[PDB]
There are 2 protein chains.
Amino acid sequence: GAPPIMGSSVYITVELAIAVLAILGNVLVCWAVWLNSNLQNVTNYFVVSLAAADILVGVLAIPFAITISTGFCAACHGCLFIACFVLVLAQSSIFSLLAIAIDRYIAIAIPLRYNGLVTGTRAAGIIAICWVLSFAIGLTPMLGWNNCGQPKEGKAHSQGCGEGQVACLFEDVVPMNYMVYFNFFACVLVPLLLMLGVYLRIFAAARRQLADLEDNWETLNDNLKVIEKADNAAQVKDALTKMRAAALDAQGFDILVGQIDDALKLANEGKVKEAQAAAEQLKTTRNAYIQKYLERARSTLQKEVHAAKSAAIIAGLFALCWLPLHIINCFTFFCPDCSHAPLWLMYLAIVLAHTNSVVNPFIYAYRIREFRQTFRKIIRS
Amino acid sequence: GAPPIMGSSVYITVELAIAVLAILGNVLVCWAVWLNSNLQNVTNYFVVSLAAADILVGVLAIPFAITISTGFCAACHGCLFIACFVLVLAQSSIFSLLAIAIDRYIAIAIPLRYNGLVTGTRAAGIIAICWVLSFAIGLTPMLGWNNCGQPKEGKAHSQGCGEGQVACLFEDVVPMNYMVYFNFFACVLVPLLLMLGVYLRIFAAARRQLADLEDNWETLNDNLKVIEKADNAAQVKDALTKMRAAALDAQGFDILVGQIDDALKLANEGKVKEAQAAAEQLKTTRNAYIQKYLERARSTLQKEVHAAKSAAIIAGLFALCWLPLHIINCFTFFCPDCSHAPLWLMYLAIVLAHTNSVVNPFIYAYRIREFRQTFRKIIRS
Ligand SMILES: CC(C)CCC[C@@H](C)[C@H]1CC[C@H]2[C@@H]3CC=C4C[C@@H](O)CC[C@]4(C)[C@H]3CC[C@]12C
Ligand SMILES: CC(C)CCC[C@@H](C)[C@H]1CC[C@H]2[C@@H]3CC=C4C[C@@H](O)CC[C@]4(C)[C@H]3CC[C@]12C
Ligand SMILES: N#Cc1c(N)nc(SCc2ncc[nH]2)c(C#N)c1-c1ccccc1
Ligand SMILES: N#Cc1c(N)nc(SCc2ncc[nH]2)c(C#N)c1-c1ccccc1
Ligand code: NA
Ligand code: NA
């Protein structure tokens, strides 16, 4: 049984190292968005809300975690504030991650109405609502769902606490049924599962749109071959009618549709050879115009998929960092006779959850050019 | 390719956290030995030499590691000093660990001559020799075994280095054949293997001595039973002669040997019943005296085994922390075409080796009462 200040010196130093990084990296995220007008869009306002939560993890949650780990004497409700504040930040993070996923789904599924649906001032209103909701969720124990009515009086007397005070220990004041059913299952697990569903729908929408672009491109080229190897005017007409509906479906295009109409008129006059010659002109338009549109549309979809993968990595890292702590609480709660969860593992799980506040600035720097470039310029300046 | 200052900010913060802990813990080790005269013995003078090396890891090696990781412009030999200084500390640690193992072997194998062989002033002389040898081993590259004759001129010109300067990078100035054959195989691996051999001999010596104590105890009790179930004076004499040689072998004992002689005289006179009655008196002496010696001797051996296990854990942790770095160097050296050792893994291996400077104060606190108690009193004061 080595002096408690030794093992806790490792814990405290690790916590403070994480706080330094959480503050530095996320201040840099906010700074980049403030300076670069190319980074000022709705998606990045939620990115700023998420970085603000991570800055408060370093400034407030980590000092609070170090404090409550001592078990210092405190009035139960004051204790309950420094125990639960991290839950407010985690909840705010969940709401920002969920909003980012929904923003990306609107952008890929209905890009025509994105600008009119997703407004900068509406994003600020959603963020405000989400922060107020997060306070209500994270601080629900202070509203009455707590163990303040059944204080551990033996622990309070041992530590020489005053009347009306308890030894401030997280597990003594925050109910385990709140942590597992309310915080984990309802407020963390359900939103993360919803996020997963949204990301699946984003990638499936992108996969289908790319297939539809290639399907229309193939239909155009295949029907040109059908016209070349046709012997009757009815066969030329059949392929041209299918090409015309496909050209409007994919909507340079004025020349294309006009040239299809020119050949269709010749086909209807029974001039097969003349219709096939008119259809050959379509190849020049396809090369000079249509292929450029196809390649630009494909490149736009790939950029959207790349941005959605970056956002999903951010969400995936939140799940990876927070799940161990939640899972440990599930074992403590659901298996009361399980000899499990040593204190070193509980501190490792807490340290891992705090680590999530360090990782997002790295993901933006490694995956997003505009962020990476702005970070270089801020470090230079 | 995120800005280099970001990933290196994680590395630097982790290195500085380790330096804080290496200094704090090992200052506490030195403080305890200085204050408590129960901790002032030869074994703990080597413990202080090992803690002094760990304090210099925090004060000098870690700031040097951070510095050379930038690749700053430097005169090749100056570069070679801040590259190799950590090797001096690692070598000094190896010598202290080896001395601690040899000290414990002398204590268990020849406890009668330990005080006369192992002197405090001789320990200070060995430590002095070991530190001078460590400087020669660790700084052998500065004596000429270096890549200063073949500077990477393209790297020096790129960084705008002056004439006579190189980009200070460990792998550019310290030869890989020095690191693998000389530093690893000869100066690290051979001494660690020697340490393992010494620890095996310590535990085998302890195991044999405990078996010899129980063998003499069993021989005493079994021969008492032989005397009780004897019918002739020759049988009583045979068991008493074996008991007498065993009593001197285990050397209260004056009473025991005298009572054996009393019964032996009766046996030689052909007085069987009288000899068996005289031998029954041995039981009172065995209970009042001999069993107390047996239990104290057994308890002393168990304390020595416990102390040797603690010292072996210290050595085992050095091997566990330093081996990954050495093994990575072996892959780089022996397999030049092996696409291996990413830079994040090289930093993880360096961070793990530095971590070894933090762990020893914890092992003493968790395993050694006199250290643990002194640490409490230093923290109280
Ligand atoms: C994607 C979702 C479903 C993953 C979230 C993790 C949850 C639902 C799972 C994963 C492992 C599960 C635990 C596995 C082991 C036990 C021990 C048993 O005595 C009580 C239930 C308990 C404690 C389970 C509770 C629920 C649990 C924590
Ligand atoms: C107890 C002692 C023997 C353990 C010390 C580790 C040393 C001797 C061993 C363990 C794993 C070994 C390495 C395993 C793989 C390779 C790849 C091969 O292409 C070159 C040799 C090399 C690089 C070996 C060199 C020696 C090595 C590093
Ligand atoms: N779940 C849980 C939990 C806990 N069971 N304990 C503590 S603090 C005392 C402690 N740390 C290690 C051992 N004992 C904390 C804190 N902060 C938490 C916690 C909860 C949510 C978010 C972040 C952390
Ligand atoms: N072996 C090796 C080694 C190395 N190959 N490089 C570096 S420093 C640049 C670096 N760190 C990460 C990537 N690149 C260092 C240092 N210090 C060492 C080293 C050697 C002995 C002891 C402790 C560390
Ligand atoms: Na967060
Ligand atoms: Na060391």
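Considering the pattern of salt bridges
Residue and element names in this part refer to chain A.
Next, step 1: In this structure the tally under the stated criterion is 14 salt bridges over all chains.
Next, step 2: Across the salt bridge formed by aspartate 172 and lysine 152, the nearest N and O atoms sit 2.9 Å from each other. A residue pair is termed long-range when its members are at least 10 positions apart, and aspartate 172 in helix α7 (residues 170-173) and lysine 152 in the loop between α5 (120-138) and α6 (153-158) qualify at 20 residues.
Next, step 3: Under the relative-accessibility criterion, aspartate 172 is labelled buried at 13%.
Next, step 4: Residue classification places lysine 152 among the partly exposed residues on the basis of a relative accessible area of 42%.
Next, step 5: In this structure, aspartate 261 engages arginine 244 in a salt bridge whose closest nitrogen and oxygen atoms are separated by 2.7 Å.
Next, step 6: You can call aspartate 261 partly exposed: its relative accessible area is 30%.
Next, step 7: Taking relative accessible area as the criterion, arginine 244 reaches 30% and is therefore assigned partly exposed.
Next, step 8: Look at the salt bridges and you will find they share partners, linking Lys152, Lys155 and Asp172 into a network.

Section: the coordination of the sodium ion (ligand 5)
Residue and element names in this part refer to chain A.
Next, step 1: Within the protein, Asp54 (OD) and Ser93 (OG) serve as the donor atoms for the sodium ion (ligand 5), at 2.4 to 2.7 Å. Here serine 93 lies in helix α3 (residues 76-109) and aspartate 54 lies in helix α2 (residues 42-68), a separation of 39 residues in the sequence. Each member of the pair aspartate 54 and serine 93 is classed as buried.

Thoughts on the layout of surface pockets
Next, step 1: The volume enclosed by the largest pocket comes to roughly 1,700 Å³.
Next, step 2: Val14(A), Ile18(A), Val351(A), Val14(B) and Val351(B) are the residues nearest the centre of the largest pocket, which is lined by 43 residues in total.
Next, step 3: Elements that contribute at least two residues to the lining of the largest pocket include exactly α1 (4-35) and α12 (343-367) of chain A together with α1 (4-35) and α12 (343-367) of chain B.
Next, step 4: In the lining of the largest pocket, the residues fall into 35 nonpolar, eight polar and no charged.

Quick notes on the site of ligand 2
Residue and element names in this part refer to chain B.
Next, step 1: Taken together, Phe184, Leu189, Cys330, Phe331, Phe334 and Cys335 are the residues near ligand 2.
Next, step 2: Protein contact buries 50% of the 600 Å² of open area that ligand 2 shows by itself.
Next, step 3: Every element with two or more residues in the shell around ligand 2 is listed here: α8 (176-228) and α11 (272-334).
Next, step 4: No other element matches α11, which puts three residues into the shell around ligand 2.
Next, step 5: Grouping the amino acids of the shell around ligand 2 by side-chain chemistry returns six nonpolar, no polar and no charged.

Notes on a nonpolar patch on the surface
Residues and elements named next belong to chain A.
Next, step 1: Together, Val27, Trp31, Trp34 and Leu35 make up a nonpolar patch on the protein surface, roughly 490 Å² of accessible area in all.
Next, step 2: By secondary structure assignment, the location of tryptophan 34 is in helix α1.
Next, step 3: Residue classification places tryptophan 34 among the exposed positions, given a relative accessible area of 72%.

Points about the interface of chain A and chain B
Next, step 1: Counting residues at the interface gives 20 residues for chain A and 20 residues for chain B.
Next, step 2: Carbon and sulfur atoms supply 82% of the area buried between chain A and chain B, which totals about 1,800 Å² over both sides.
Next, step 3: The largest share of the area that chain A buries against chain B comes from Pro3(A), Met6(A) and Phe362(A), three residues that together contribute 26% of it.
Next, step 4: One can count zero salt bridges joining chain A with chain B.
Next, step 5: Inspection of the chain A/chain B interface yields two residue pairs in polar contact.
Next, step 6: Taken together, the elements giving at least two residues each to the side of chain A that touches chain B come down to α1, α12 and α13 (369-380) of chain A.
Next, step 7: The element that contributes the greatest number of residues to the side of chain A that touches chain B is α1(A), accounting for nine residues.
Next, step 8: Residue composition of the side of chain A that touches chain B, by class: 14 nonpolar, four polar and two charged.

Focus on the coordination of the sodium ion (ligand 6)
Next, step 1: At 2.4 to 2.7 Å from the sodium ion (ligand 6) lie its protein donor atoms, namely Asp54(B) (OD) and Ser93(B) (OG).
Next, step 2: A relative accessible area of 6% places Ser93(B) in the buried class.

Focus: α2(A)
Residues and elements named next belong to chain A.
Next, step 1: In this model α2 runs 37 Å from its N-terminal to its C-terminal C-alpha over 27 residues, within 8% of the 39 Å that 1.5 Å per residue would give.
Next, step 2: Along α2, the largest kink reaches about 45° and is centred on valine 57.
Next, step 3: Most of α2 is tucked away: 19 of the 27 residues are buried.

Quick word on the environment of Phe64(B)
Next, step 1: Mapped onto the secondary structure, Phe64(B) falls in helix α2 (residues 42-68).
Next, step 2: In this view, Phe64(B) contacts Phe81(B), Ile82(B) and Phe85(B); residues no more than four positions away in its chain are not counted.

Thoughts on the relation of the copies chain A and chain B
Next, step 1: For the pair chain A and chain B, the relating rotation is 180°, the translation along its axis is 0.0 Å, and the fit reaches an RMSD of 0.0 Å. These values place the two chain copies in the arrangement generated by a two-fold rotation axis. Closest approach to the rotation axis among the C-alpha atoms of chain A is made by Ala17(A), whose C-alpha sits 3.4 Å away.
Next, step 2: Interface overlap between copies is the fraction of interface residues in one copy that are interface residues in the other; for chain A against chain B it reaches 100%, indicating a shared surface.

What to know about the site of ligand 3
All names here are of chain A.
Next, step 1: Looking at ligand 3, there are 13 residues lining it, with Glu171, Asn329, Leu343, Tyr347 and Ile350 nearest.
Next, step 2: A distance of 2.6 Å is found between a nitrogen atom of ligand 3 and a side-chain nitrogen or oxygen belonging to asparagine 329.
Next, step 3: For the shell around ligand 3, the secondary structure elements donating two or more residues are α3, α7, α11 (272-334) and α12.
Next, step 4: Looking at the shell around ligand 3, the element that brings in the most residues is α12, giving four residues.
Next, step 5: Partitioned by chemical class, the residues of the shell around ligand 3 number 11 nonpolar, one polar and one charged.

Quick look at the state of the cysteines
Residue and element names in this part refer to chain A.
Next, step 1: For the structure on display, the rule yields eight disulfides over all chains.
Next, step 2: Between the sulfur of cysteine 76 and that of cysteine 148 lies a disulfide, 2.0 Å long from S to S. One disulfide, between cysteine 76 and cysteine 148, carries an S-S torsion of -80° and so falls in the left-handed class. One end of the pair, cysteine 76, is in helix α3; the other, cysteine 148, is in the loop between α5 and α6, with 72 residues separating them in the sequence.
Next, step 3: Judged by relative accessible area, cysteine 148 falls into the buried class, the value being 18%.
Next, step 4: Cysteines bonded in chain A are numbered consecutively along the chain; their disulfide partners then correspond to 1-5, 2-4, 3-6, 7-8.
Next, step 5: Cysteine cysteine 30 is unpaired, with the sulfur of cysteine 130 as its nearest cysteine sulfur at 17 Å.
Next, step 6: Judged by relative accessible area, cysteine 30 falls into the partly exposed class, the value being 23%.
Next, step 7: Distance from the sulfur of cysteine 321, which forms no disulfide, to the nearest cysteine sulfur (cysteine 330) is 17 Å.

Regarding the side chain of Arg286(B)
All names here are of chain B.
Next, step 1: Relative to the assigned elements, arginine 286 resides in helix α11.
Next, step 2: Nearest to the buried, unbridged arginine 286 among oppositely charged side chains is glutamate 228, at 7.3 Å.
Next, step 3: A distance of 2.9 Å separates the side chain of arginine 286 from the side chain of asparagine 221, its partner in a polar contact.
Next, step 4: Residues within four places of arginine 286 in sequence aside, it is in contact with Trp217, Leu220, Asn221, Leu224 and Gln291.

Description of the UniProt feature "disulfide bond" in chain A
Residues and elements named next belong to chain A.
Next, step 1: Below 2.5 Å lies the sulfur separation expected of a disulfide, and the 2.0 Å found between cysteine 73 and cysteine 161, a pair UniProt records as linked, sits within that range. You can see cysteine 73 sitting in strand β1 (residues 73-75) and its partner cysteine 161 sitting in the loop between α6 and β2 (165-167), a full 88 residues away along the chain.
Next, step 2: For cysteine 73, a relative accessible area of 25% corresponds to the partly exposed category.
Next, step 3: In this model the UniProt disulfide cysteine 76-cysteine 148 is closed, its S-S distance of 2.0 Å falling under 2.5 Å.

How each quantity is defined
Residues numbered from 1 in each chain as written, not as in the entry; some residues may be left out. Chains lettered and ligands numbered in written order. Heavy atoms only, no water. Salt bridge = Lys/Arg side-chain N within 4 Å of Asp/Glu carboxyl O. Helix = DSSP H or I, 4+ residues; strand = E, 2+ residues; numbered from the N terminus. Buried < 20%, exposed > 50% of the residue type's maximum accessible area, 1.4 Å probe, protein only. Donors = N, O, S within 2.8 Å, 3.2 Å for Na, K, Ca; no water. 1 Å grid on protein atoms, 1.4 Å probe; cavity = no way out; pocket = protein on both sides within 12 Å on 5 of 7 lines; lining within 4 Å. Points joined across faces, edges and corners; volume = space filled by probe spheres on them. Nonpolar A, V, L, I, M, F, W, Y, C, P; charged D, E, K, R; others polar. Near = heavy atom within 4 Å. Areas by Shrake-Rupley, 256 points an atom, 1.4 Å probe, with all protein chains shown as cover. Patch = residues over 30% accessible without salt bridge, like charges linked within 9 Å, V, L, I, M, F, W, Y side chains within 5 Å. Contact = heavy atoms within 4.5 Å. Buried area = accessible area lost by both parts, 1.4 Å probe. Polar contact = N/O pair within 3.5 Å; in protein donor to acceptor, adjacent residues only side chain to side chain. Expected span 1.5 Å × (residues − 1). Bend = angle between axes of the 7 residues up to and from the residue. Least-squares fit on C-alpha atoms. Disulfide = S-S within 2.5 Å. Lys, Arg positive; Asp, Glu negative; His and termini not counted. UniProt positions renumbered as here; feature names shortened; annotations may be inferred.

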